[PDB]
Every structure is written in structure tokens, then in C-alpha cells.
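Asker: Here's a structure for you.
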Amino acid sequence: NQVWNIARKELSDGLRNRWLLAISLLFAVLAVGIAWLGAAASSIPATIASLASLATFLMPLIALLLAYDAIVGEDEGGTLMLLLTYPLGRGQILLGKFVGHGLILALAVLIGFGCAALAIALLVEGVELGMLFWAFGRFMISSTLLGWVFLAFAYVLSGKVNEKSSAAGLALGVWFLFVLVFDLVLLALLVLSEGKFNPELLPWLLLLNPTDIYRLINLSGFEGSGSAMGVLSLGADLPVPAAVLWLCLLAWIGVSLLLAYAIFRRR
Amino acid sequence: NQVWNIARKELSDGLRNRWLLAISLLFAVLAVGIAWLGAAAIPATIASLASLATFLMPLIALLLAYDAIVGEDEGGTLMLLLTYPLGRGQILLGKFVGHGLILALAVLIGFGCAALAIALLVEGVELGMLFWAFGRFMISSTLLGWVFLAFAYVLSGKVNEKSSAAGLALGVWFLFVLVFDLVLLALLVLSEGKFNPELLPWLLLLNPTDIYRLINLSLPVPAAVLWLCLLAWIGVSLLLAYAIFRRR
Amino acid sequence: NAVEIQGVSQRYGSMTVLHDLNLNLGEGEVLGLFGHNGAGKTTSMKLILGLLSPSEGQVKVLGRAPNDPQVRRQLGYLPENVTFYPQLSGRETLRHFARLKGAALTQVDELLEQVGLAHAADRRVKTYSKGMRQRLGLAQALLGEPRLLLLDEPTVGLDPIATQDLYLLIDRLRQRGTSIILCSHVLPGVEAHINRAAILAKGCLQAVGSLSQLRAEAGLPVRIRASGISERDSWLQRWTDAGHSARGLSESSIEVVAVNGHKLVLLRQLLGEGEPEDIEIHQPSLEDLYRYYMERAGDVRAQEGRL
Amino acid sequence: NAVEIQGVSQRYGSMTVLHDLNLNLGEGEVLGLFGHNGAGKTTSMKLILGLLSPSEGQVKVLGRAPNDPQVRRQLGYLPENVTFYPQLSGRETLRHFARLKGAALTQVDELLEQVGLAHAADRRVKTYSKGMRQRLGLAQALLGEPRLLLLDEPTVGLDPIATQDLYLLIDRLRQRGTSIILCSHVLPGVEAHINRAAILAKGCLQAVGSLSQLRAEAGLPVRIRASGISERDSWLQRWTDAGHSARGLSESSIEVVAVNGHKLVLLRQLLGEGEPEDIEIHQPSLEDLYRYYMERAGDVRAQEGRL
Amino acid sequence: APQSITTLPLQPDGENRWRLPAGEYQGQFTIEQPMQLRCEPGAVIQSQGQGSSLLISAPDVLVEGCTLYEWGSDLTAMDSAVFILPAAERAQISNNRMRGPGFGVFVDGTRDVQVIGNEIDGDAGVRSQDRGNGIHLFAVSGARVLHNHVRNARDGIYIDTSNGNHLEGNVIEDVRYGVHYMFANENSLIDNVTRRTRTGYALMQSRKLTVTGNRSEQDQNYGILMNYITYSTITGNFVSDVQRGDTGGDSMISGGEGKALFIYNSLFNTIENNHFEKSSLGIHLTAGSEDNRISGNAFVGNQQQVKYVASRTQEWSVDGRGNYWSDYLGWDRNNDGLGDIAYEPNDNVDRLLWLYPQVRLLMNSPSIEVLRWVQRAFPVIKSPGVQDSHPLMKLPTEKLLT
Ligand SMILES: [Mg+2]
């Protein structure tokens, strides 16, 4: 198949990016460092909300470092106009780039949360290995999905722009908006209205930010304190179950990938 | 003098940089929004403005001048400019004047609109103390920016490609803003038997972000050494930049 | 018949940037499109590749549709300026194009021995020069015995020994039976290696044919230097009475100006006689033709040596 | 004379990258330094500028040392592959070089008209073509009264009218006493305007002189293209037994490699025996003379179709 | 030293009740018989400056309306103005004016004495180290001290080992200590006001007592200092603007930057509905004094709300209702009085400043400002502090500002 033949390039091109391997080793040495500081103090709901906050800062960052120059980095490099004269479609060199860059994020978080599990089962003596494997299995198959959202965000903002210096400006803008601006606009909307703007709409505004849907999935079982949640304390007011929250994360991929394909189809 | 004829280029080229004008607008927006929440909700607000201009004025300086030398070598105009009646000193010093008056203007839109939001929203602010405490603030914030401007000329001349200049300018920004004081805390809270705390007022002089805050907090040293230590960070690093630029 | 473009009036924005050309192409000929860098050349090069849709026109590449996968296996394209993948290797990029076009992986080593790149294989593409990227960019276009090359200036940034050798590789492919289309802008230099030329400007196709076909249609003066001749006599001035202007050069030599429809008769006028004795002809070149076809319709020449 | 290089030897470490070069460029001539992209040409091109210093010899640009400010006021230069400051304007970039070279501001709008950039001035430099930026880089080299020009690859990406119009500007300049230097790699297209070439290999200087002196020194053959013969192989078998490497270019066209004692006696066997529709005789060009001197010192010729 | 019968008292009523007319007197005086003597308002009984001026040794003496001037200053022999013996039970000291360099009311071993409505101006020139006490109480059971006005004495209302007594409505201005308590178990004090004092309330080693409704306006370095108080009740106190300074002697306390409440080794006590306003420190909780009911206060305007140098977690909310904090940047979705997110008053960098004072030079750094934000994102590095779930949204002390 042609989708795997072009995925094998990006799998062998993203792993030679030295800027990736810096901040993918930074994700590994911080997930050990959070789990080691979480092991000497014990607690359990603080090491989940801090690991999910660590992957809130880095799994969008590795995704946007990979794929900001996926389409426009090939267009001004000349190798995109050549590739369309190969037996391919425009739908195969995007889905192929998504599979190729998607296996990097599936490996960049299997390194990170894999060594985080070995920094708990070899550190916390007498920990429940069944509860550890289940909780970090939910961390693995949902931080990829957060990574695949921002991977599909980067294909949207690469096909729309036509210069790579401006693609890095939009990829930095998307990383600032979804991670630490939407969490602060929602905070400032709640403080300045003193929680009396809307008592039913404001928990549904968490679904317009995939980093907040990501934090709500991993903080399902281990709620604990409210100050560890902060603005995520609105998630107790959401009447939606947990299974739809997986589906609302997958719908953030498929909407932002079909938008990435509809922009690329009229490139 | 040809040190000014190449400075007029860098004014016209720096003010059309879309990345600089985005940050310089965000610097002026965040300087009113800190001043809005410090009056409605002056030494208490000039310290929080000092933490703002320690974040962004190294970042503004490194966005202007990380591609001053190596951005011209990749563009090929650097090899062209040396065949003109121009020394290598006059290109560097002319870029330092041209890039220098940009962030000497970016604090006049930055704090010129921040002091407007204080002098018109307190109504009785006693502006004779304001124009000397902000006059000491605008002078010391441009000179902090000229340090990291001269740091960027050192780091531009060493590298050979534009991608590794921005990879080092992020490294210089991390080290001199928020790694040097974090490794000062690790020498404090983890070492007390082998760390004399009387030595620590001299180690703030090895960091121009630290010398920037000490002349907005007025202290064992006087004022005149800190102004002469901030100018020594410009004058050594510009002399270092001229010594690197002559070895291309 | 390799490329049979028949009646294509391609417009976009109702502007008619490529209006009504009927460009054939033989099975072994090496066509040269020599338009400007505007609406003429690069629009028409896209329609043969099939990545642009012909508005009201049929483009039958290889007797089939221009966007089938069965014809893009038998096609080779090289763009004007490419920097491929600066972290990948030399072999790996070409191996990446090996699986895409479906050629066998044994072919990826002989092409890097064919093009002189085996000394520089297994190295990162960001260490290559501009010439080596053109050397690599040719090597992907020859992948999997292509029956239609499409080169857009394949000679830039390259060593002049290599560019001379590149046309020898083009000549191996012409005798093998692959029609090639060159799209160059360094026109003195490509005229020795084409069989036909298609000069187009202002959208429309101005003229087409071989080089001898264009010189016959466009009346241009020629330079016939003929040293080592007869008595410096009425033999010189008889072409002034035949309709020419014989420059009576001093050391028994003439430079006759002709109109080139009277070309071959003036040769046998002297070569039929016994005194040619190392003459030399200087034809109007490609650019002097290319200047002339703009003067049929379009721009007018400059003033005081500008532009 | 303009440039008088008297035995320099530039070396980086202990490797002598330029070994006892000795040039003498006259004040009205056009010279071409043709060499490969290694250390042959580009080190010698900087020694005429002030960018390097001779480790064993000395240069005399216009009878002075090459780093005086009054020397560089009358010395234009144009490097290869220069992209200017992209956020600036076309006019302001030339006005920026105007104050730097000391040329008056009235000469800026003249030279913007002189390179045909007036319609596209006062726009961003980033929305310029590769050929459009080469117009600008030429437009700064003519500032002041430039008594020496170093146009390293001046015609890349230009239109073939503009290429033909650039050497028209050059021929006005060399009649104005302003000696220039080409450094190209595209050898046809510069060979009509080189007054005396200075082809040199990787290490040393091979041969200098005019095109007449090179063809007199190097006994190269001539190329005789006969277009429009009846059959190919019956003529192709005739010259390959007579001692002439003959190929086939199209359905009816050949070429004949003579020895010029054969060129007279073979040309009669085309008009007499048979009838060609056109006959073109090529002199041994600069592209073919480059192959000779590289075979004189450097590598062996490549195999039949490789590069 | 003459006696009270050696004066000229004009009898108004024949129930051993006397009335001294207007006119000066001289020397010390002694009450040995139960005479309920009153005075005209111009009765300036001025001693010469030595000895206790009006000693009382008889029970049930209602001295009223006198005006005493210039008694002794020998603090070792207890030169008071009115000395009350242990046998002088149930003495009434009503509406008197005193000016002299020693003790105002020195009582000891007595029961149910009432010192009501007096104005005792202590001194002006002595260095607040020999001025003598305003209201000295030494092991008394039953006392009732109401609505006095003590000014410029030394250490205000001193109380030593006195069990059951009320301190209601007394004004204390420009003294060293406002109210001093020494081993006064099961005490009570209501609505007293202390102004411009080097320590507003000294509560040393006295258990089971009620501190209610008291006010401390612009005192120096210690608003309410509680040392070793157990089972107490701190309800409704208004502590405003404790500025820095020093007591000058540093004997039992030290100089401070200004603390509105300093809790030292107090194990069990309810501290509710208070108002700690505009000091440098709102409340200082030492490490030995933990686990007591602190709920409903208002920590408004203080430059640093809680100082808690420990690593033990400390919940500050009984029955789900916490305190109002001025810098509480929270919201209230479910419309109750409580906030929705809990409030940690201290960071980790807010306790590095207490542990190591050289980080004050680094306190304006962006890296420190980074380190304040990293705690809000990563709660594993948050040391267990002094948080309260459900803090208040509005001011609970709407009446204490009047
Ligand atoms: Mg609520």
C-alpha cells in the first residue's frame, strides 16, 4: 500500500530530528522525576494530575514540532509538487503523514509513560500492579489521542499557510491558545463573573479544548482534592459519562483531519 | 559616517518584522494589564513590571538579532557588504545602533503606555516621583535589552547556519533568565554547610537579569557599581562580538 | 505517440493563461518548451503531468489519461529547484522514491552509480551542494524505465563537464525511445541537444518545429566565412548581383550575408567549385530566433542596453 | 591594467588550493574565470576583492592594494545566489547601497529603470523571482562609476531576452573602459562575449587567452550537422569507416566529427552525394574546449551514459 | 500617712456613707473601716509623690468620684494609687481620675472588687519601663473591671493568676502591653479597645478563657499574642493595622514585622468570626500549635496571610465553612456562600522566604515567578500546607467595622 510507503519516510525522518529527541527525552526524565517525588511523599491523586499536566505541556509540543512543516515544508522545499506526479492521491500523502508522525507520538509516550511505570513498580514497594497497569494503560492510549489531535491541528495550519516562517508562528499560537490561554480565559471568565455567568453552559465549554478533555479522562477515578483540579473542578458538573469523553476526543481528531484534508484538497 | 547608513537599514528592516511587532504589542498589552490589576485590584507595581520586562526584553532582543550576522551570511549579503567601503567593525556597531533604537523604542510603547495607564487611572499619582522611578525604569530596561542584543551578536557570529542560531538563542534565553537563578536556589536550599551566603551578593553581578532587578529595588553594593556593571556587560560582550566577527 | 495535446484552451479566473495550442510529440524526439517564466511554459508543463485539469481540452499522454496510475509509473519528472529531505540520506530518499513509483530496489544502487553520486551516497542531504541535489533529482526521474521525461532546467548549479555528460545520458534515452521535454531558460546551450522546439509567449503557441524548420520560416541573416578562395575578383561581387552583400575581407576571405532560403545553393555555389578550402558557417542561433518570435507579437526590444 | 595578479599562492592549512596563478586583466577586456565549483575559482575571485590576502604573492587592483576605500568605491560585485533583506523594498535596498558606496541618490532611479525593475520596485523583496532578484543584484553593481565588475553567475533565472539584453549592457560597459569579469558555469551564452577566457582546473591555471588562441593551441575538431538527409545508416556507415564518429539525432539528421583536413573533403559528399535540407557547421565551442583542458590535467572522461 | 477619717467628710446619708467636698488634700490615706465615701468632682486628693495614696484594708468600700494626683513610684513597695488588701473584699472603685507614676489600681488576694469607669493617665516622661501598671490584678476571684480608660502606663491591664473576672469595654491607649494575662484560667474579656500599643493582647499560659469582640487599632508588632492557651474561644476580635516596631526591651517576646495574631503552643481553641486587617502578617501559626478550629475569620488586606513553617497539612474549616480571604481568586457555581475551589495561602516559595532570608534578593525574579506557576500545574511538588476547603465568598464580619 502507498500509505505505508510514505509513512516509512516520516518515521525515519522524525527520528532524526534532534529537536524532537531533546524534548522526548525531556518527557522521559520528567515523568520519572514526577513519579519519584510522588513516591517519597506517599499521594495517588497528585501523581495523576501532574503527569496529565506534564503531557498537557509536552504531547502538544512534540506533535506541533513534528508536523508544522509537513505540507508547507514540502511545498517550498519543492518535493510536494514532485510527489503529486507519483501514483498517489492527496488523501494518501496526508493520511500517510498522519500514520508516520502518529507512530512517533505513540513511541514518544510509550517511552515516557513506560519508564514512568518502571519508576513506580521499582520504587513504591507493595504497590498494586493491577491498578498501576490499568491507570498507565489509560495514560498511554489517551496521550496519543491528545497527540493525534495536535498532529491533526498541525496539518490544518500547514496547508492553509504558504510560508514556513509563518507556519511556525501559527503552530506556536495554537500551542499557546489551547494549553495555557484557554485555561486562563476560562479562569478569568469565572472569577470576573464570580461564577454567575451560566450555571449550566460553563462545564460544556471544557469540550472545546482537547487538553481539558484529556485531563478529564485521566482524572476520572482519582479525583481527590479540588485545588489539584483548579479549573477542572467544573468536570464534576458535567452530566456526560466517561465513554462519550473518549468519543469526544476521537471526534476532535476526525473533524480536524477532515478539515485538514479539505484544505489540502484545494491546495 | 557609515555606522549610521547601515543603522537606517536595521530600523526599516526591524520594524517590519512580523514576529517582533507581535511580541512588542503583547509586551504593551501585558504592561497595561499588570498596571490595571495593580491599581484597581507604586513600588508594588514596579516590581511586577520588572518581572515582565525580564521575561520579554531578552526575548525581544533575541528575536531581533539572532540572525544579524548569520542571517546575512546565508542570504549572501554579508559577503557582498564586505566588498563595500566598510570595515567589519562598522557593520557590527551599525547593527547595534540600528537594532538598539528598536527596543529603545519598544519600551517607549511598552512603558509609555504603561505609565499612561498609571498617570491617568490613579488621579493624584504625584508624577514627580513617577517620572524619576520610570525614568530609571525605561533607562535600565533598554540597557538590559542591549546586553542580550550584544549577546545575540556573539552567538550569531559563531554559528554557520540559521537553524542553529535560534537553537542557541533559546539556550541563551533559558540560561540567563530562568536557569541561573534556579541554580542559585539549588546552591541555597541544598547546600548550607559549604555555601557562604555573604558571597551571594557578588554572584548577582554575573547575571544581567539580576543586575536589572537590583536597580529597580532602590542592598550591600551601591548604585554606581551596578550601572557600571551593566555597562560592562555591554562593553565586554560587544568587544567579544567584534572579536568573533573578525574570525569568519 | 507520446504526448498528444490536442486543442487545449486552459483558463482560470476567465483570463485564458494558455489559449488553444495543439502540441504533438513524437516517440523519440526531445522537445524544448522555451517560454517565459509566466503563463506560457509552466502552465503547459503541468497539464502533461496530469496534476492540472485541462479546461476544455484533451491531453492524451501515452494514448491514455493523464492521471491514471498506470501512466505515472512510466513517467519521470524533475522540478526546477528541490531541496528534498535535509535529514535523510542519499540512498534512503531514492529508496523512498523506489517504493513510491514501484521500481525494483535493485535499481536504486545502479542509478547512484549511473549518476556520479556513489562517492556522496550515505550522507545527509543538507550537506549536498546545489549540483548534487540536481544530480539526485535527475536520478529519481529515471526510476523504473520512464517513457516520458519532463525536466525543468536540469542543468542549473552543475559542473560543465557534468552538464555535457547529462545530454549524453539524454541521448542514451532518446535512442532507447523515450520522449523527453526540456523546459530551460539558458537557451544557448540546449539547442545542440533538441530535435524540435516549441516557443510560446503571451499564452498562445507562437511557433513549433525543428531548428531547421524555424530558420526556414523566419528569415534571418547568416554568416558564411569563406577563407582560402579564388582570385579576389568578380567571384566576390557576383552575390551582390545575386541579391546578397559580400564583405570583401582582406586575407582572401568573404563573409556573405544571405537570407537562408537561398542557403544551400550558395554552399554548392562555392563547394561545387574548386576553391572552398576551410570555410566556416555561422547560423542564427536559438536566442536570435527567440528574439524574433517575440517580434511577431508581443514585446519590443530595449533602449540604450537596458534590462 | 586593471588586475595584475603576480604569482599568488593561497593556502588554507598546508594544502595549496591555488598554485602560482598569474593573471593580467586588461582595462577594456571581458574575462571569464571558468573552473569547477571547488577551490579553483572561488578562492581566486576573493583575492581580487579584499576578502583574502595572498599568502605568497600580491595583487594590484587598478594599481592599488585591494582593501583601500577609494578602490572599492569604483568596484561593483555580484555574488552567486544572493537573497536580500526580504522585508525591505526594492527601491530602499538600492538606496541603502547608494549611501554605502557613496553614489548620489539621483543614480538610484536611473539604475532601477536600467535593469527593468521600475514596475516591480516599491514592493517586498520576498515577492520577487529568482530572476527578479538577479536584476537587483546587477543594479547595485553598476553604482557609481564601476571600473571593475565581478559578475559571479549573472544570468541564472533570467529570461532569455533579459540574458541577451544583459550582455548588451556589458558590451556598452567594456567600450566605456570598464573591464569586467564573468564567473559562470553555463558555457554557451557567455562564449560570444568573453574577450579572453581564463579556464583553470582544480589546482592550477591551465590556459588563458582569447578564443582564437585556444582553438589554435588545442587542435579540436569541428561539428558538421547535416539536417534533412534521405537515409541515416547508409550515411552513418560511410563516415565511421572514413574515421569520423557519427551519431544520429532524429529521423533524418546526423553529425560528423572531422579533423578539418577532412572537413572540406567530406562536405562535398553531402551536397553532391545526396541532398540535405540544411547544413550547420559548428566551431569548437567553449563547452568543448573545457573538456580538452580538463582532460589535459584532471580526470578521465566518464563512461558513455553516466553523468 | 494619715487616714481617710482624718479628712473633713460631710455626711450625705447615714449608712456609713461620706462625701468629701471640693478642696485639695495632702499625703497618703488609709481606709480601715467600711466607709462608702463619695467625692465632689473638684476633690483633687493630691498626694506629695510618695507612698500608696489611698490604701483600702476594709471590705465593702464604695469610693466614688475621687480625683487622685501624684502618688509614689516605688514599684518594689507597690506605690499604687489605690491599694486593696486581701481583706478588702468587694470594693467599688467608680469614676475616678488618676495621674501618677506608679500603679493605678494594685489589688492582690481580694475578691469581687469592681474597678469601674475610671480614667487613669499614667505618665509622660518615663521610658515605659518604670511607669507602673494601669490595672494590676494579682490572684483575684470575682473581679469586675468595666469601661475604664487607661493611658500611657506600663503594660496596661496586668492580670496574674486571677480566675474568674470580666474585662468589659476598657480603652487602652499608648501603653506597652494592652492586656497582660499570666496563668489566668477560666477568664473572660469583652469589647476592649487597644490603640497604639507595642503588644495588643498578651495571653500567656492561661487556659479556658473567653476573648470576644475586642478591638486593636494600629498596634505595634503583635496584635493578639497567645502563648499556651487551651480550650479558649476567640470570637469576634477586630485586629487592624499591626505595623512593625519594637518594644525596646525584648524580654519575653521579640521584635516583629507586624503580626495580627501569633499562636504559640495553643492546642485547642476556637478562633471564629475574627477580622485581621491590613497588617504585615495576618496569622502566625507555630509548628507546635496545631489542630484547632479556625473557621469564619476574614483575612483581608494583609501582605502575607498565614505564616506556617511546617510540612504538615492543616485543614482550616470546621463543618465545611472556612474563612474569607481577600486574595481568594475563586468562583461560586452552586449558589451557596462557599467558594468552589480550596485555597492554599502558601506556596513552596513562600516558605523558602521564611527559611532562608537571602532569597529576598531573588524574590522578583522570573524564575521565582515560574516556580509559582509550576506548583499550580504540578501538585506533586506542593508541600502540605495550611489550606481550607470551602472558603467564604463574602465578608462575615459586616458588624465589626462599626
Ligand atoms: Mg459554591
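Each chain in the C-alpha cells gets a letter, A, B, ..., in the order shown, and its residues are numbered from 1; ligands are numbered from 1 in order too.
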Could you name the residues that touch residue B:26 at 12 Å or less, counting only C-alpha atoms, but leaving out those on the same chain fewer than 6 positions away, as a ChimeraX atom specification?

Answerer: /B:19-20,32-33,52-53,55-57,59-60,106-107,109-110

Asker: Pick out the chain B residues within 10 Å of chain A. Count only C-alpha atoms. Give them as a list in words.

Answerer: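 The complete set of qualifying residues is residues 18, 19, 22 and 167 of chain B.
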
Asker: Could those residues be written to a file, using N, CA, C and O atoms, as a PDB file, in the first residue's frame?

Answerer:
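And here is the file that came out, selection-v4.pdb:
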ATOM      1  N   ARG B  18       7.395  40.794  11.366  1.00  0.00           N
ATOM      2  CA  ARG B  18       6.078  40.470  11.908  1.00  0.00           C
ATOM      3  C   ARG B  18       6.171  39.774  13.256  1.00  0.00           C
ATOM      4  O   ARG B  18       5.248  39.883  14.069  1.00  0.00           O
ATOM      5  N   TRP B  19       7.263  39.057  13.506  1.00  0.00           N
ATOM      6  CA  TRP B  19       7.432  38.399  14.790  1.00  0.00           C
ATOM      7  C   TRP B  19       7.741  39.383  15.900  1.00  0.00           C
ATOM      8  O   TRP B  19       7.356  39.143  17.047  1.00  0.00           O
ATOM      9  N   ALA B  22       4.495  41.428  16.861  1.00  0.00           N
ATOM     10  CA  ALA B  22       3.550  40.637  17.634  1.00  0.00           C
ATOM     11  C   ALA B  22       3.933  40.621  19.107  1.00  0.00           C
ATOM     12  O   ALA B  22       3.066  40.735  19.977  1.00  0.00           O
ATOM     13  N   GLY B 167      18.470  27.837  17.754  1.00  0.00           N
ATOM     14  CA  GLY B 167      18.610  26.795  18.746  1.00  0.00           C
ATOM     15  C   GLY B 167      19.543  27.151  19.874  1.00  0.00           C
ATOM     16  O   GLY B 167      19.455  26.556  20.951  1.00  0.00           O
TER      17      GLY B 167
END

Asker: Might you pull out every residue within 6 Å of stretch 204-211 of chain C, with only C-alpha atoms counted and same-chain residues fewer than 5 positions away left off, and present them as an MDAnalysis selection string?

Answerer: chainID C and resid 19 21 195:199

Asker: With N, CA and C atoms retained, write the just-selected residues as a short mmCIF file (atom, residue, chain, number, x, y, z; two decimals), in the first residue's frame.

Answerer:
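The new file result-v4.cif reads:
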data_model
loop_
_atom_site.label_atom_id
_atom_site.label_comp_id
_atom_site.auth_asym_id
_atom_site.auth_seq_id
_atom_site.Cartn_x
_atom_site.Cartn_y
_atom_site.Cartn_z
N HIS C 19 -3.92 29.40 -24.21
CA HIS C 19 -5.03 29.50 -25.14
C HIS C 19 -4.69 28.79 -26.44
N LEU C 21 -3.50 25.62 -27.96
CA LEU C 21 -2.32 25.01 -28.55
C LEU C 21 -2.62 23.57 -28.93
N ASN C 195 15.59 18.18 -30.76
CA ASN C 195 15.19 17.91 -32.12
C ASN C 195 14.10 18.84 -32.61
N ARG C 196 13.21 19.27 -31.72
CA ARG C 196 12.19 20.24 -32.05
C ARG C 196 12.16 21.28 -30.94
N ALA C 197 11.61 22.45 -31.24
CA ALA C 197 11.43 23.46 -30.22
C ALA C 197 10.04 24.05 -30.34
N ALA C 198 9.45 24.39 -29.20
CA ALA C 198 8.11 24.98 -29.16
C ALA C 198 8.20 26.28 -28.37
N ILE C 199 8.34 27.39 -29.07
CA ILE C 199 8.43 28.70 -28.45
C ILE C 199 7.03 29.26 -28.30
#

Asker: All residues within 10 Å of ligand 1 are required, counting only C-alpha atoms and all ligand atoms; please report them as an mmCIF file with C-alpha atoms, in the first residue's frame.

Answerer:
data_model
loop_
_atom_site.group_PDB
_atom_site.id
_atom_site.type_symbol
_atom_site.label_atom_id
_atom_site.label_comp_id
_atom_site.auth_asym_id
_atom_site.auth_seq_id
_atom_site.Cartn_x
_atom_site.Cartn_y
_atom_site.Cartn_z
ATOM 1 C CA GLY A 195 -19.480 32.005 38.805
ATOM 2 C CA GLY E 330 -12.304 31.615 43.178
ATOM 3 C CA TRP E 331 -15.809 31.270 41.816
ATOM 4 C CA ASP E 332 -19.127 30.021 43.121
ATOM 5 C CA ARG E 333 -21.182 27.923 40.734
ATOM 6 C CA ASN E 334 -23.605 26.284 43.128
ATOM 7 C CA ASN E 335 -25.023 29.384 44.777
ATOM 8 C CA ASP E 336 -24.060 28.834 48.373
ATOM 9 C CA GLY E 337 -21.911 31.108 50.483
ATOM 10 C CA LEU E 338 -18.851 28.938 49.995
ATOM 11 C CA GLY E 339 -16.310 29.050 47.240
ATOM 12 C CA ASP E 340 -15.859 26.109 44.986
ATOM 13 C CA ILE E 341 -12.078 25.525 44.909
ATOM 14 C CA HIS E 390 -14.699 25.884 51.020
ATOM 15 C CA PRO E 391 -13.531 29.430 51.799
ATOM 16 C CA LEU E 392 -16.065 32.193 52.227
ATOM 17 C CA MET E 393 -17.045 34.467 49.364
#

Asker: Fewer than 4 positions away in the same chain doesn't count, so skip those; otherwise give me all residues within 7 Å of stretch 210-217 of chain A, counting only C-alpha atoms, as an NGL selection string.

Answerer: :A and (52 or 56 or 146 or 178-179 or 206 or 235 or 245 or 249)

Asker: Please save N, CA, C and O atoms of the selected residues as a PDB file, in the first residue's frame.

Answerer:
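Result went into selection_20.pdb, see below:
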ATOM      1  N   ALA A  52      -0.646  14.048  33.932  1.00  0.00           N
ATOM      2  CA  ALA A  52      -1.544  14.539  32.899  1.00  0.00           C
ATOM      3  C   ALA A  52      -1.297  16.006  32.586  1.00  0.00           C
ATOM      4  O   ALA A  52      -1.550  16.442  31.461  1.00  0.00           O
ATOM      5  N   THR A  56       0.188  17.519  29.092  1.00  0.00           N
ATOM      6  CA  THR A  56      -0.519  18.645  28.521  1.00  0.00           C
ATOM      7  C   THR A  56       0.476  19.651  27.961  1.00  0.00           C
ATOM      8  O   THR A  56       0.206  20.298  26.946  1.00  0.00           O
ATOM      9  N   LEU A 146      -4.436  12.736  22.451  1.00  0.00           N
ATOM     10  CA  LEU A 146      -4.148  14.157  22.589  1.00  0.00           C
ATOM     11  C   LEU A 146      -3.055  14.576  21.622  1.00  0.00           C
ATOM     12  O   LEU A 146      -3.144  15.644  21.000  1.00  0.00           O
ATOM     13  N   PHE A 178      -4.384  26.648  23.162  1.00  0.00           N
ATOM     14  CA  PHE A 178      -5.093  25.502  23.700  1.00  0.00           C
ATOM     15  C   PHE A 178      -4.547  25.048  25.038  1.00  0.00           C
ATOM     16  O   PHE A 178      -5.272  24.407  25.798  1.00  0.00           O
ATOM     17  N   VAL A 179      -3.296  25.347  25.344  1.00  0.00           N
ATOM     18  CA  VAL A 179      -2.720  24.822  26.569  1.00  0.00           C
ATOM     19  C   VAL A 179      -2.922  25.803  27.713  1.00  0.00           C
ATOM     20  O   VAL A 179      -3.551  25.467  28.720  1.00  0.00           O
ATOM     21  N   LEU A 206     -15.621  23.039  28.497  1.00  0.00           N
ATOM     22  CA  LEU A 206     -14.414  22.226  28.569  1.00  0.00           C
ATOM     23  C   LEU A 206     -14.250  21.353  27.339  1.00  0.00           C
ATOM     24  O   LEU A 206     -13.124  20.992  26.986  1.00  0.00           O
ATOM     25  N   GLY A 235     -15.527  19.779  35.884  1.00  0.00           N
ATOM     26  CA  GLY A 235     -15.779  18.458  35.344  1.00  0.00           C
ATOM     27  C   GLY A 235     -16.653  17.571  36.203  1.00  0.00           C
ATOM     28  O   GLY A 235     -17.205  16.592  35.696  1.00  0.00           O
ATOM     29  N   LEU A 245     -16.604  10.891  26.537  1.00  0.00           N
ATOM     30  CA  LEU A 245     -15.378  11.684  26.589  1.00  0.00           C
ATOM     31  C   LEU A 245     -14.239  11.064  25.795  1.00  0.00           C
ATOM     32  O   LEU A 245     -13.349  11.789  25.343  1.00  0.00           O
ATOM     33  N   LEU A 249     -12.977  12.933  22.228  1.00  0.00           N
ATOM     34  CA  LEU A 249     -11.579  13.118  21.878  1.00  0.00           C
ATOM     35  C   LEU A 249     -11.295  12.576  20.489  1.00  0.00           C
ATOM     36  O   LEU A 249     -10.488  13.151  19.753  1.00  0.00           O
TER      37      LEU A 249
END
